[PDB]
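Undergrad: Pasting a structure below so you can have a look.
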Amino acid sequence: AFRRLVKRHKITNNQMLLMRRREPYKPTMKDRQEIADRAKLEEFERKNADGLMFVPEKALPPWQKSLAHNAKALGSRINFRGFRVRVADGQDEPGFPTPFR
Amino acid sequence: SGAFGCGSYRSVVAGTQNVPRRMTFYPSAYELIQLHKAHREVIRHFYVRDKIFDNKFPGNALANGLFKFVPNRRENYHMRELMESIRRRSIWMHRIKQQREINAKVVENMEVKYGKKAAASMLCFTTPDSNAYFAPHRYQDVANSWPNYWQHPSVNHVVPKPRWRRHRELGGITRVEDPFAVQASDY
Amino acid sequence: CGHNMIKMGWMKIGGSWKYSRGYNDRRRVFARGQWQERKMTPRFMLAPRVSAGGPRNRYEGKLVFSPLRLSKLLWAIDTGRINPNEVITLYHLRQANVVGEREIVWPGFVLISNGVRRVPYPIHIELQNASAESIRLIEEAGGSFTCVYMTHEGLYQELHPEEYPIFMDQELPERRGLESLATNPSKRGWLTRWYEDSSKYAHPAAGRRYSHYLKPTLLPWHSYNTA
Amino acid sequence: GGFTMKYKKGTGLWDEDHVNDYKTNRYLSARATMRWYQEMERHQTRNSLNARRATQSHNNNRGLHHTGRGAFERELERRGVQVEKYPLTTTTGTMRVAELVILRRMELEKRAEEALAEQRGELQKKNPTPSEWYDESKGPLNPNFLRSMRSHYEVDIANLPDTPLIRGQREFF
Amino acid sequence: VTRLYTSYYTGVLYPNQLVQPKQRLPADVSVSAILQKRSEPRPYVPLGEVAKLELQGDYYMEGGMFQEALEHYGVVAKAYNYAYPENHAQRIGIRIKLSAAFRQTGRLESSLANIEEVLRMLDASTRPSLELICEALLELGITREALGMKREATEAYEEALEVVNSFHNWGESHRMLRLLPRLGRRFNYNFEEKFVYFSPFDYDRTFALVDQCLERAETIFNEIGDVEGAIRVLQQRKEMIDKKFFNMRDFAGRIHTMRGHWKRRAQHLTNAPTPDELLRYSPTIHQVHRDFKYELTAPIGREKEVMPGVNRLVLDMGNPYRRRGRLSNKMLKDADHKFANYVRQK
Amino acid sequence: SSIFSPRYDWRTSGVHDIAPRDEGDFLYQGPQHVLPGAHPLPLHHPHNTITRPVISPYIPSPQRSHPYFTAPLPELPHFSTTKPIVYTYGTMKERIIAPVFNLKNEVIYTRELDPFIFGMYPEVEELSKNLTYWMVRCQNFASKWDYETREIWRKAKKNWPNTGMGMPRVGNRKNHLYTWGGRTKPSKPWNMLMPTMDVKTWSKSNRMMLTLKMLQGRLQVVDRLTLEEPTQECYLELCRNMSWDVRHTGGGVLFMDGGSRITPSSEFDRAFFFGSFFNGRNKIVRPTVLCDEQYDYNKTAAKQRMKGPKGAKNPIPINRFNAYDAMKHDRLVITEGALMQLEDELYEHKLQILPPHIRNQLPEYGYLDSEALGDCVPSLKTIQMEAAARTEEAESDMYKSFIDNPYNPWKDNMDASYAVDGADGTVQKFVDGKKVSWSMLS
Amino acid sequence: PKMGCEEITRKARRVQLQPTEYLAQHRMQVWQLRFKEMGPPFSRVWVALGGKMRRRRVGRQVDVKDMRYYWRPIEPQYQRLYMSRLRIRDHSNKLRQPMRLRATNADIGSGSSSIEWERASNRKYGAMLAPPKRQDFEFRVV
Amino acid sequence: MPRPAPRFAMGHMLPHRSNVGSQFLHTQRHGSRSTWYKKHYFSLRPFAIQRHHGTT
Amino acid sequence: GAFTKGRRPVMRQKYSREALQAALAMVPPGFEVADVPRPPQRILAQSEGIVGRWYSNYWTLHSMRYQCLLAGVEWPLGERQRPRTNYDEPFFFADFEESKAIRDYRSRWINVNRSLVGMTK
RNA sequence: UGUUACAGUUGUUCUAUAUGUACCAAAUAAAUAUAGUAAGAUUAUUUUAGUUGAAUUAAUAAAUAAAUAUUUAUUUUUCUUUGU
Ligand SMILES: NC(=O)c1ccc[n+]([C@@H]2O[C@H](COP(=O)([O-])OP(=O)(O)OC[C@H]3O[C@@H](n4cnc5c(N)ncnc54)[C@H](O)[C@@H]3O)[C@@H](O)[C@H]2O)c1
Ligand SMILES: [Mg+2]
Ligand SMILES: [Mg+2]
Ligand SMILES: [Mg+2]
Ligand SMILES: [Mg+2]
């Protein structure tokens with residue numbers, strides 16, 4: 001499903017009449033798809049180089065923040081240390097030791 | 001009725017002790033503006049209620065003595081709009097009079113605590129930019145607040161001063177003697 | 001001056017039409033797009049329902065208040081819109097134009113202390129369902145809050161007092177409102193004292209409890225006495 | 001039928017207010033303007049008179065007075081007591097108020113023009129020649145304004161030279 | 001596609017390349033008269049090759065090789081004196097450069113002699129260039145301050161200022177460069193076309209010359225200890241740069257991306273009236289001469305000054321209802337007589 | 001045609017006769033030759049002080065901020081504004097003083113103008129909003145009718161089978177393809193739209209237009225607009241004495257009749273209003289720049305039998321001041337009563353526009369002295385408004401013995417007692433053990 | 001059509017002003033039952049509760065600890081479609097944000113805070129939102 | 001300014017029904033032409049004959 | 001809303017204090033407000049003003065009751081409902097219409113106190 | 001030869017064919033009633049910027065569909081280049 005009406009370009013050099021592709025130095029469609037996949041995978045690996053940093057309740061996505069806050073506001077109203085609520089949702093376990101942990 | 005600044009029947013039933021309040025000076029400028037416009041509204045309501053027919057054309061000159069409102073609609077208008085506006089004006093007057101009494105008390109306390117001139121200087125609401133709104137000829141040398149900034153005496157040097165002269169042969173027309181400048185026209 | 005023919009751009013009038021049927025299906029409300037439905041079911045069909053009304057369902061009398069910033073109230077007071085010498089109510093807010101009529105929907109408002117950690121002066125305000133932190137701030141400053149949880153008729157009468165020449169019997173709030181805000185001592189409800197008063201349970205003649213205003217014309221035409 | 005703001009219809013200061021007029025033109029001649037005023041007054045008067053006629057006819061058909069009052073109010077009027085709670089001002093009262101206001105305005109205008117003529121005589125006797133305003137330092141004067149102000153001075157004001165006469169440059173007259 | 005510009009790329013045609021004329025002194029006023037009122041209180045010559053030589057000479061002068069610049073200037077000045085008649089613009093300009101080279105080499109007496117000869121040639125000229133006279137007396141002032149005549153140098157700088165404030169047009173340099181930001185139709189890319197800027201130090205060389213004159217005057221005044229003169233010169237310099245900026249001022253048109261409408265550049269690129277000429281020839285101060293001999297309308301009293309006609313009969317006013325029935329014609333009955341009595345003669 | 005077109009310069013000969021006519025044509029003498037009409041600036045209306053004379057102390061100059069007086073003249077009596085002067089964000093920040101003209105074409109005295117009214121510096125976008133609204137509104141909407149396919153009166157039956165004869169496939173053939181059929185989306189008066197104008201923008205644009213007239217110098221203030229007789233010849237004699245070119249071709253006149261300075265009124269003078277009906281370029285408008293808030297009681301097409309354009313059902317009346325009429329009519333004549341009415345109607349607007357730290361200084365400086373509270377004698381008003389005020393003052397005596405007195409509402413509010421009867425489920429008000437509150441019916 | 005055509009000389013059915021659609025016609029109950037709209041103004045996400053909804057025989061999925069109650073945002077293309085259905089109203093106004101999933105206090109207030117509702121004492125300040133008042137004790141019908 | 005008045009509905013353009021156009025754009029009637037003197041595409045404009053359109 | 005009495009007045013005549021007293025004199029001695037019941041919903045809420053036998057009209061009776069309260073006129077008739085605060089004579093009543101036992105002040109006073117106590121949030 | 005009775009939901013007294021006024025889904029009057037919608041037309045030159053065969057996992061805690069088009073956003077190093 002590509003453009004059947006070919007784009008027209010102002011011909012400044014007579015070799016533009018011969019060239020079919022607009023940017024010949026640009027990789028082909030599937031080649032640049034593979035290139036983008038590889039680059040995004042490398043960026044993701046760089047981002048996950050360090051372990052999964054556990055995050056407090058305020059820096060949570062909206063669909064978890066208020067749930068986790070309400071699940072323990074009752075116990076937080078009474079100031080005493082060592083109270084934990086085992087909420088179902090939240091960050092998952094990494095499975096290995098982490099410097100942030 | 002919470003319309004006045006005293007409190008509502010709900011607060012009365014609750015028994016909240018809000019009677020002794022901190023008397024702070026309050027000029028009630030917004031309230032005075034609202035009272036002005038409410039007074040104008042009441043006068044306009046009376047006018048539109050007392051409007052009677054006065055037709056200038058013979059086809060309509062048959063009912064030149066009657067009210068433009070039918071009696072029923074005139075009564076309904078007087079019963080709703082006119083007296084609701086009067087009640088709103090009365091509410092504004094009551095609030096402003098209460099605040100004036102409190103302000104008089106505060107002024108008396110400040111005068112007996114510091115002195116007349118000290119209390120007046122402490123109660124004065126003068127801002128260093130009040131001239132920009134009340135007397136801009138005293139604020140010209142402070143900042144350029146003109147919509148036509150090029151004519152401000154600080155930036156007035158940019159406006160050109162042509163050499164005009166009247167020509168009797170053209171009918172008293174004023175014409176500038178400055179010769180035009182040649183323009184770039186080709187390249 | 002042109003046609004925004006999809007996947008082609010802004011084409012010129014009288015130009016080529018042979019390569020646009022999506023533009024015709026955009027003009028005419030007829031639509032397609034089964035490329036995602038050919039195999040998998042839609043997300044609204046896959047997701048279950050948490051309740052018969054749905055999440056955040058605004059059922060009748062849900063007590064959905066519009067927020068009122070304590071910072072906004074303090075800003076209005078410091079500006080000069082609101083007189084702190086008097087008891088501030090929703091009528092006073094609306095008259096000082098602190099809130100627009102667009103925002104006023106039953107139940108009235110909630111005082112939220114967003115961006116304020118200290119109130120400098122005592123403020124006596126009447127609202128509904130103020131936050132515990134804002135109530136604490138006002139009390140520490142020295143003011144007083146009263147959770148005046150009123151019905152719809154009471155709200156309309158408080159917002160339009162001139163339409164009522166005399167005081168009229170105002171009904172008590174509903175059961176949910178009575179148990180939540182009116183008789184709640186934490187919210188400083190306006191009926192907590194009446195609810196705690198036990199002299200009304202003894203005899204039906206002793207059920208009524210009187211209350212008085214606590215204690216410490218308007219003609220525009222004045223006589224020309226200055227001479 | 002349907003809902004229409006009858007509570008706003010007729011509330012403006014003039015007859016043209018609160019009228020849905022969508023048959024106008026960007027330029028109206030003398031006849032067009034006369035007909036526009038005629039149609040506004042006619043709309044108002046027809047509305048009022050038709051409402052009055054319908055109300056009076058309905059009351060008469062129901063058997064009451066043309067104002068809708070009954071036997072109780074008729075007997076009250078016979079005894080001489082006031083029937084309505086709030087007797088509003090009548091046409092005679094409104095016209096009398098307008099008349100007395102206009103008469104006070106006329107008297108004030110007489111006294112004001114007397115005092116103003118006195119002050120103008122004093123000012124013209126004091127100042128024979130124009131003041132600082134009669135200068136061309138920033139631009140030319142206006143011959144129309146000069147011919148309107150000629151009657152205030154002894155010297156010829158409208159007679160302007162071709163040179164931009166300046167106050168401090170050359171003594172005028 | 002990006003452009004590497006490896007091959008030869010022909011330049012583009014842009015309105016900033018318009019051939020700007022030279023500001024000329026009026027024929028009546030003379031530089032000699034200005035100096036007096038201040039004191040009161042062709043044969044064939046290989047001009048291409050001599051232009052190469054003069055360019056090399058000014059390159060030497062800019063690089064700091066003053067003796068070589070001086071000898072190049074001498075050769076090209078001999079060539080120009082042979083090729084041009086007496087009191088010519090290029091002749092006086094090249095001897096300006098020659099006096100500058102003399103002063104830089106240290107022959108201050110000969111530099112002053114040459115610059116005085118330049119001044120007398122400017123006086124003899126009919127309509128000399130403002131840039132030429134300003135640069136000439138700027139070189140005069142620099143030579144005077146090198147000799148030790150600081151008061152005379154300041155006098156020369158001040159006379160530069162008083163000439164450029166009385167005969168130079170501050171808006172003509174950016175007449176065709178002021179509406180250029182309205183050509184840009186793209187906001188995400190190529191958006192520098194909406195912010196194209198042209199420095200006045202490149203399109204008004206008289207402005208830069210007078211700016212340097214005032215800078216040197218302020219320096220001399222600070223050295224001497226004349227706070228009044230320094231304040232005066234700085235005020236005038238600020239006023240000049242403010243006039244330039246004001247004549248460059250303009251509001252913004254469309255901000256975001258516009259597709260199509262390429263024929264709007266005809267409206268964009270025009271002789272747009274600069275702020276200076278607008279405020280000068282405002283239609284109220286510089287009024288338009290309007291003769292009623294070529295018109296069909298005139299004031300109430302001047303009825304007979306209209307364009308004449310043969311057998312003119314005033315029928316009536318063109319009352320569009322006269323085409324209607326007898327009742328309309330009866331309604332339009334006395335209007336003609338009343339109009340006649342309204343426009344009657346005094 | 002377009003300039004970038006081949007057909008632009010394809011006329012090569014025949015445009016001009018080589019022979020010049022011996023009556024008007026002339027030759028160019030040179031630079032000193034003063035050509036009639038030639039001007040450096042593009043002037044689509046090249047007028048001067050003779051064709052379109054300005055009525056102001058000075059000719060509008062770039063060295064002057066406005067072509068009027070900046071200080072009161074010592075030989076003319078000066079009258080300040082009816083309301084105090086305050087400089088908002090858009091005002092000219094300079095004193096504006098204009099001469100008041102007598103009906104004998106003489107300057108009797110001078111009067112201060114309000115910068116908020118005649119000092120709001122004009123802006124092209126606001127003036128364009130005003131003009132566009134006025135034109136779109138003044139269009140006639142009843143003539144926007146057109147036929148639809150369902151309004152063609154043809155048989156609701158296929159004329160011929162699609163495959164039978166060589167004719168094309170068609171059915172009712174009452175559509176737009178045929179010369180007798182109608183369109184599917186025709187023009188309808190109820191489908192057309194009438195724009196909505198807010199009071200803020202309307203007032204701002206009107207004050208900008210007034211300021212533009214003042215800057216151009218075509219504003220003239222007179223004391224009265226009265227005629228000895230209500231006839232047209234008296235009006236034309238007044239115009240001839242005042243040099244008002246009310247001809248269809250001359251610079252038209254726009255009157256704003258608001259009455260005298262001592263006697264202002266919201267109604268036009270009867271004699272002048274009857275005399276001003278003349279077939280020329282003259283228009284009289286109401287002494288106001290504000291407008292009523294526009295509404296729309298058919299925003300969702302609930303009433304289907306509505307005949308009229310969508311949008312505001314309360315458009316601006318024709319006799320109101322507007323940018324179109326101000327541009328069409330050269331001179332703008334305004335009365336002192338109209339000035340007073342404009343000031344009285346814009347006072348509270350500019351006070352609410354004011355910033356808070358300046359608003360708190362208004363009672364300090366004395367800009368909020370309300371006569372309703374007894375701190376000043378009442379201010380001057382129009383005839384009708386003073387009549388309404390006197391009527392109110394007289395009728396106020398009937399609200400004394402009644403508890404519904406609007407001049408003293410809820411007077412027994414502090415002295416009463418409130419009782420929460422839970423069996424009745426209500427809070428009631430009592431005075432001396434008697435229920436003074438009222439239970440609403442139904 | 002033509003000026004004197006027989007098609008227009010004779011009368012026919014006359015078209016009237018068409019009625020408009022419901023203002024909230026394009027918001028559906030399926031969305032309000034399934035998802036909810038969360039997040040800041042320009043980062044709104046429609047979230048639906050996760051898990052595999054399935055009705056099986058008795059004896060399967062005994063351990064309730066696996067079935068977790070949690071909300072996860074729906075696919076962005078479906079969210080865009082559902083938001084466009086709300087954008088349908090007032091298409092030409094580019095300065096108008098899309099309609100919300102659940103009505104807010106501001107919308108319920110704007111429903112009657114206009115100029116054409118200033119006199120309607122009823123249907124003001126959430127009349128239908130508020131609970132009903134007590135009827136008369138002698139209330140009856142025929 | 002809430003939705004300023006449309007420039008196309010200003011009464012200065014009564015154009016032929018085109019492909020694009022707003023619901024509030026008043027186009028020319030069906031069967032009627034936009035320009036009055038253009039009987040054909042080659043019809044000339046009358047020299048001194050002026051047809052007053054719009055206002056009186 | 002325009003048929004029944006909802007937020008809408010039904011008698012537009014507003015009489016003076018003397019006209020209020022003159023309209024109360026024509027009421028026969030022995031009449032009580034509790035005698036006239038509230039008409040049902042399907043009955044149009046209207047008031048013919050002060051006519052013969054006007055006290056029989058429920059809407060005219062209470063509309064005049066409110067006008068006498070504003071003008072400060074002593075209302076000669078009784079209250080619409082008399083509250084039972086103490087246990088006095090009669091110590092037993094008969095009501096075949098099952099309304100007196102539930103509309104009693106003592107019967108609804110205890111039901112409110114039951115609900116006020118039953119709240120356990 | 002004419003006149004009677006039989007009229008479409010069906011009539012020619014079972015069914016079928018045929019036929020019921022010049023194309024038997026009979027003819028006349030209304031319908032934008034609606035076709036998962038087959039197809040055909042769709043008014044305006046001189047232009048001013050990115051990809052030309054990719055993407056494709058129904059369904060519990062997995063970073064990301066891609067192409068096309070419109071608006072819009074990132075001046076970080078380096079020998080040059082680089083549509084992210
Ligand atoms: N929903 C409501 O009931 C509602 C709403 C707004 C205002 N009000 C006000 O409440 C009051 C009583 O309402 P209600 O339902 O009990 O009765 P109502 O309004 O149905 O009837 C009141 C009766 O007293 C008369 N009346 C009203 N105002 C009067 C006045 N100022 N002076 C003299 N006579 C007057 C009326 O014409 C009528 O005869 C009235 O003032 C009314 O305007 C009621
Ligand atoms: Mg629902
Ligand atoms: Mg829906
Ligand atoms: Mg059969
Ligand atoms: Mg893209």
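Here, A, B, ... name the chains of the structure tokens in the order displayed, residue numbers run from 1 inside each chain, and ligands are numbered from 1 in the same displayed order.
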Would you mind listing, as a PDB file with C-alpha atoms, in the first residue's frame, all residues of chain D that have at least one atom within 12 Å of chain G, where only C-alpha atoms are what counts?
TA:
```
ATOM      1  CA  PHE D   3     -39.289  28.350  24.735  1.00  0.00           C
ATOM      2  CA  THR D   4     -38.387  31.968  24.013  1.00  0.00           C
ATOM      3  CA  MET D   5     -37.059  34.574  26.420  1.00  0.00           C
ATOM      4  CA  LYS D   6     -40.254  36.535  26.988  1.00  0.00           C
ATOM      5  CA  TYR D   7     -38.663  37.662  30.257  1.00  0.00           C
ATOM      6  CA  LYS D   8     -36.032  39.451  28.152  1.00  0.00           C
TER       7      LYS D   8
END
```
Undergrad: Distance limit 12 Å, reference ligand 5, atoms considered: only C-alpha atoms (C1' of nucleotides) and all ligand atoms. Which residues make the cut? Give them as a ChimeraX atom specification.
TA: /C:7,9 /J:50-51,66-72,83-84
Undergrad: Selected residues, C-alpha atoms (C1' of nucleotides), written as a PDB file, in the first residue's frame, please.
TA:
```pdb
ATOM      1  CA  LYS C   7      -1.977   9.274   2.391  1.00  0.00           C
ATOM      2  CA  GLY C   9      -1.412  15.126   1.309  1.00  0.00           C
TER       3      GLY C   9
ATOM      4  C1'   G J  50      12.538  12.199   4.647  1.00  0.00           C
ATOM      5  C1'   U J  51      12.004   6.661   3.396  1.00  0.00           C
ATOM      6  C1'   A J  66       5.049  -0.839  10.186  1.00  0.00           C
ATOM      7  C1'   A J  67       4.100   2.105   5.885  1.00  0.00           C
ATOM      8  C1'   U J  68       1.647   6.697   3.883  1.00  0.00           C
ATOM      9  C1'   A J  69       0.067  11.864   4.934  1.00  0.00           C
ATOM     10  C1'   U J  70      -0.523  16.591   8.236  1.00  0.00           C
ATOM     11  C1'   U J  71       1.356  19.443  12.274  1.00  0.00           C
ATOM     12  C1'   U J  72       5.441  19.415  15.683  1.00  0.00           C
ATOM     13  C1'   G J  83      15.727  11.735   8.202  1.00  0.00           C
ATOM     14  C1'   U J  84      16.232  10.785  14.931  1.00  0.00           C
TER      15        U J  84
END
```
Undergrad: Counting only C-alpha atoms, a student should be able to say which residues of chain F come within 9 Å of chain H; what is the right answer, written as a VMD selection string?
TA: chain F and resid 126 129 to 130 132 to 137 139 144 to 147 176 179 to 183 185 to 188 191 to 198 200 to 201
Undergrad: At a cut-off of 10 Å around ligand 1, and using only C-alpha atoms (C1' of nucleotides) and all ligand atoms, what residues come up? Please write them as JSON, numbers by chain.
TA: {"B": [76, 79, 80, 83], "C": [153, 156, 157, 160, 161, 162, 163, 164, 165, 166, 167, 168], "D": [84, 85, 86], "F": [402, 403, 404, 405, 406, 438, 439, 440, 441, 442], "G": [121, 122], "I": [5, 6, 7, 8, 9, 10, 11, 12, 13, 14, 15, 16, 45, 47, 49, 59, 60, 61, 62, 63, 64, 65, 66, 67, 68, 69, 70, 71]}
Undergrad: Residues of chain J that have any atom at most 8 Å from an atom of ligand 4: could you tabulate them with the shortest-distance atom pair and the distance in Å to one decimal, using only C-alpha atoms (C1' of nucleotides) and all ligand atoms, ordered by chain and increasing number, as a tab-separated table?
TA:
```
residue	atom	partner	partner_atom_place_in_ligand_line	distance
J:12	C1'	ligand 4	1 (Mg)	7.5
J:13	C1'	ligand 4	1 (Mg)	6.8
J:14	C1'	ligand 4	1 (Mg)	6.8
J:15	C1'	ligand 4	1 (Mg)	7.9
```
